[PDB]
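What follows is a short report on a single structure.
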Amino acid sequence: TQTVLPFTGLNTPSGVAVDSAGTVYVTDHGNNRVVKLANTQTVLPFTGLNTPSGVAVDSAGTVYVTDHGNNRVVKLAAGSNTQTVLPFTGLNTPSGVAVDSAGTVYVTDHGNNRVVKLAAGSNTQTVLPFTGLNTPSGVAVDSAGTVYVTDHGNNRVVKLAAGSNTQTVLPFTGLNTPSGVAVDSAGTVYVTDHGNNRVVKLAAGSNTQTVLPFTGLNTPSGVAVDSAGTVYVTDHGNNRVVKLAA
């Protein structure tokens, strides 16, 4: 049985992210805000946001939130009110954001139909060998470096194997205008079927596609997963976040 997390005063939510300790993050789309939740909700000291979207967190707790309208990418290291704009150039309206275990930030440049990654402390961005995309959405990277991008404009989920540059399509059926993407340690990729108002998961090396028992979803989007396998998914139409334990 799903449960609604105690979130207050947010109009139209965007993405979601979960720490390694258990505290969840959300991007207050309409208030230009990045609210978190341990107790009672609270927002990080973000400065000068304008319609944020995706949100990811690092191993040390660094929160990575992008700005759709400002075409920026901001991060917050530890307990400080000092912001940092990542050296991303050419970002014309980016989409979600993911991070590697080594610190490499993955950004889905929506307006140009590409996915760009940037290593920690690097000034030169790197465009991934992704071919044949239309208005991409969420991005997710696992432990083996595999990049999971939701090529939204064609209702698919593409994959980029590490080392090689072979792009494959994940065996998904019934996908219509799909949004966020997530992945766990075992390899199960959680993709939010946004058009059918449902959250879907697909085990690694499996043909069976499983619809997650989420009740009351109105255009869901951002999807996250913690350690025990709890799936956190934001629904945009109801202005709330819902989690479902494994």
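Going by the structure tokens order, chains are called A, B, ..., each with residues numbered from 1, while ligands are numbered from 1 in the order shown.
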Residues near region 137-142 of chain A, anyone? I mean within 6 Å using only C-alpha atoms, not counting same-chain ones fewer than 3 positions away, as a count of residues only. 14
Within 12 Å of residue 216 (chain A), counting only C-alpha atoms, which residues qualify if same-chain residues fewer than 5 places away don't, as a ChimeraX atom specification? /A:1-4,196-199,233-242
To one decimal in Å, tell me the separation between CA of residue 226 (chain A) and CA of residue 16 (chain A). 11.3 Å
Set the distance at 7 Å and use only C-alpha atoms: which residues neighbour region 121-128 of chain A once local chain neighbours fewer than 4 positions away are removed? I'd like the list as a list in words.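 Near neighbours after the sequence-gap exclusion: residues 87, 88, 115, 116 and 117 of chain A.
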Run DSSP on the backbone and grab whatever in region 88-184 of chain A lands in strand (DSSP E); send it over as a ChimeraX atom specification. /A:94-99,105-109,114-118,126-127,139-141,147-149,158-160,167-169,181-183
